[PDB]
């Protein structure tokens, strides 16, 4: 428990003292291994202006394994599925203890600006993006409006 708790407490101080811009995060209740976070949709993207809620579960041996991070907000993107599961290399085999939740939230914001349909988690969303990028962006914008209001 111990090294993990001290690391998560340190990250929580850093969210209070020097958070990533346009993000917030903290424990749900009295369990520091369980957080809710938010990111604002990146400017100049179909997600701009949206407020996206994320569920964060830190493992017992954090930071030696990645937190599990999923969306609670519905979002239209080839690398996020209908259950909010995110396909992001650093949340899986490319996890490093030098990464923090703050860095993960920045990486997820970057992922929203770079929808890649070549290796998707949601192949149907990727099919729209590959076939008609404008159509994908329009739908992503509509979903931001419908489902990601603050």
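Positions refer to the first chain, counted from 1.
Mean CA B-factor, 92-100 versus 63-71: the higher value falls on 92-100. For the pair 40-48 and 113-121, the record assigns the higher mean C-alpha temperature factor to 113-121. Ranked within its chain, residue 140 lands in the middle third, by CA B factor from the PDB record. Per the deposited record, the Cα B-factor of residue 148 falls in the middle third when ranked against the other modelled residues of its chain. Ranked against the other modelled residues of its chain, the C-alpha B-factor of residue 27 as given in the entry falls in the middle third. Per-chain ranking of the deposited C-alpha B factor places residue 10 in the middle third.
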